[PDB]
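Line by line, the protein sequences give chains A and B.
The first sequence lines up with residues 431 to 586 when you count with our numbering.
The second sequence lines up with residues 258 to 409 when you count with our numbering.
All remarks here apply to the structure that follows.
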Amino acid sequence: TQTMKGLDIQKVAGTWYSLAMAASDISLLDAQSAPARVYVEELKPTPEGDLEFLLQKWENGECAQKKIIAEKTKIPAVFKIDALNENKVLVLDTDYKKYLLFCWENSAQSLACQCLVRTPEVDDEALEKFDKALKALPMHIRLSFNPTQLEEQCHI
Amino acid sequence: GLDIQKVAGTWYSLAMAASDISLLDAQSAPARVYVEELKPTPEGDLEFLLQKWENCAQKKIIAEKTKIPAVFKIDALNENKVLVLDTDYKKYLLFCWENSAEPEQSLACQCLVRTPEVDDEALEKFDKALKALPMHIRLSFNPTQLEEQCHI
Ligand SMILES: CNCCCN1c2ccccc2CCc2ccccc21
Ligand SMILES: CNCCCN1c2ccccc2CCc2ccccc21
Ligand SMILES: CNCCCN1c2ccccc2CCc2ccccc21
Ligand SMILES: [Cl-]
Ligand SMILES: [Cl-]
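Right under this line is the structure:
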């Protein structure tokens, strides 16, 4: 999987909306509580060059919040979220002001990718770039949300 | 010009899409149904032999001919319709279930193939057909899932 060249995480700070999601395996996304069914609410880069994700997930009939620190690696668009080097975040592309494409990758190989947007509206341009970035990846499920869903906890 | 006699026989559900996530987001979901066989009737109706995951249950639904070619009605209330979008008879068939009952119209589309193998050409024609439709969930199966019927 190829990641963005020249990513500056200081420009991705702020609140985001998970507009669309895709995964390598149906069971990663299909259920409300599926493992990769996570909604990005905020990106917070640190001065050290780590990227904190504020996530929401449906768990046991409620929306739960989770913070995940993705630690910098030698690749500016590749972040590690465990000490075993099994789980990574890959930033595929961003224009900073409208959309950001990224993937969770597990090489224990499982992949779950998202199209984030800055404003809770459908962005057909961001959706086209998402589909173009996924073309070479072995996705078996895609989901997309409406503007009403983007503004509710856990996209209810 | 759809020829229902040539779509007869064995099929496999390769991919599925729907207008609403909750139509396809579980094995239990209402549109999560796998086509096993199409049987044309002498009167020009199309019987769909389906399997649905419960707790694999078989279901037969008769799609009756209408005055519009490749459009079939399932009920007498004209609420549920089957649309045949495209086929080459020998490899793939694309179709959509539609329900136009209140308050919002539901749509659920499938790509069927003749053999339990992934067909990138059929999946590309399905993807192209879905581009103009307001789908919010799409799924494709691997050859293992193709052979194991309702079990994925
Ligand atoms: C398989 N690892 C944990 C399962 C969920 N997970 C995924 C899913 C697909 C690919 C990679 C990952 C990595 C970790 C992660 C982080 C946040 C949400 C889901 C996931
Ligand atoms: C492996 N590439 C499949 C391409 C088409 N495909 C997509 C597209 C984007 C994201 C996920 C998927 C997987 C399932 C699917 C189902 C139906 C039509 C297209 C697609
Ligand atoms: C609303 N009908 C409930 C059963 C699900 N169903 C769907 C789903 C979405 C859109 C249309 C339809 C038409 C009827 C039908 C027939 C066979 C399987 C599922 C469905
Ligand atoms: Cl770089
Ligand atoms: Cl989708």
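Ideal placement from N, C-alpha and C gives every residue a C-beta, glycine not left out.
Item, Value
"Pairwise C-alpha distance: B:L380 and B:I318", "25 angstroms"
"Minimum Cβ-Cβ distance from A:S454 to chain B less than 8 angstroms", "no"
"Min CB distance A:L564 to chain B below 8 angstroms", "no"
"Selected residue, minimal CA-CA separation from B:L390, among B:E293, B:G258 and B:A274", "B:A274"
"heavy atom of ligand 4 below 7 angstroms from A:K518 C-beta", "no"
"CB contact below 8 angstroms: B:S397 versus chain A", "yes"
"For B:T298, three-class secondary structure by DSSP", "coil"
"Three-state secondary structure (DSSP) of B:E355", "strand"
"Residues bridged to A:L484 [DSSP beta-bridge criterion]", "A:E472 and A:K497"
"B:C407 (DSSP reduced to helix, strand or coil)", "coil"
"Assigned secondary structure, B:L350 (DSSP; H/G/I helix, E/B strand, else coil)", "strand"
"Close-in-space but distant-in-sequence residues of the same chain around B:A283 (CB under 7 angstroms, 5 per side omitted)", "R289"
"CB contact flag (B:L403, B:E374, <8 angstroms)", "yes"
"A:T431, DSSP secondary structure in three states", "coil"
"Near ligand 4: B:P297 beta-carbon under 7 angstroms from a heavy atom", "no"
"Selection from A:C493, A:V547 and A:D480 that minimises the alpha carbon distance to A:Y526", "A:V547"
"Exposure of A:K518, with buried meaning 16 or more beta-carbon neighbours within 10 Å", "buried"
"Residues that residue 420 of chain A bridges to, as DSSP identifies them", "Because residue 420 of chain A is not part of the residues shown, which for chain A are 431 to 586, the question remains open."
"Shell residues, 6 angstroms Cβ cut-off relative to heavy atoms of ligand 4", "A:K435, A:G436 and A:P506"
"Min CB distance A:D460 to chain B below 8 angstroms", "yes"
"Counterpart residues of A:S540 in DSSP-defined beta bridges", "A:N536"
"B:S279 CB to nearest heavy atom of ligand 3 below 7 angstroms", "no"
"Cβ-based burial, A:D523 [other Cβ within 10 Å; buried from 16]", "buried"
"Reference A:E535; option with closest CA among A:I511, A:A494, A:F575 and A:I586", "A:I511"
"Through-space distance from B:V328 to A:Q440, alpha-carbon basis", "54 angstroms"
"Proximal residues to B:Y349 (C-beta, below 7 angstroms), its chain only, five neighbours per side dropped", "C368, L369, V370, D376, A379 and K382"
"Pick from B:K385, B:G266 and B:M392 that is closest to B:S363, judged by C-alpha positions", "B:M392"
"is_contact[B:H393, chain A] using C-beta, thresh 8 angstroms", "yes"
"A:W488 CB to nearest heavy atom of ligand 1 below 7 angstroms", "no"
"Identified DSSP bridge partners for B:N337", "B:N356"
"Ligand 2 heavy atom lying under 7 angstroms from the CB of A:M569", "yes"
"Per DSSP, the bridge partner or partners of B:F329", "B:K322 and B:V339"
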